[PDB]
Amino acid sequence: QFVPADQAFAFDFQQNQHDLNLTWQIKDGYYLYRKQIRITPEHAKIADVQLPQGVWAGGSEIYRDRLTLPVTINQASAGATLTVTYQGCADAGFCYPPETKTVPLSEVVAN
């Protein structure tokens, strides 16, 4: 029941200049918290990131199977980063501690 957090929530990204897509492979029986998701840019300029509508686990909006999030990078300095924090739980009644991924951004000039 306690599979590694990363096996339960496989994080990956892919950048095409201004286009950044963050993805989670969410294992069956597990889910992410919408409200717990946090995205913080360092030395980069990103658009307001809307979260998609999820299903509901008794009061809380949650994400299952997979979460796909487009992020638009308007500007990015060299060495810039996107810090991605999230938390997720198991239907079996426990939760993993919040996780942080440090996504390295490729440099992008504005406009």
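Numbers follow the displayed sequence, beginning with 1.
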| item | value |
| --- | --- |
| Average Cα temperature factor in the PDB entry - higher stretch of 22 to 30, 44 to 52 | 44 to 52 |
| 54 to 62 versus 74 to 82 - greater average Cα B-factor per the deposited record | 54 to 62 |
| Chain third (lowest, middle, highest) by recorded CA B-factor, residue given as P98 | middle |
| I37, C-alpha B-factor rank within chain (lowest, middle or highest third) | lowest |
| Within-chain third of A5 by Cα B-factor, per the entry | middle |
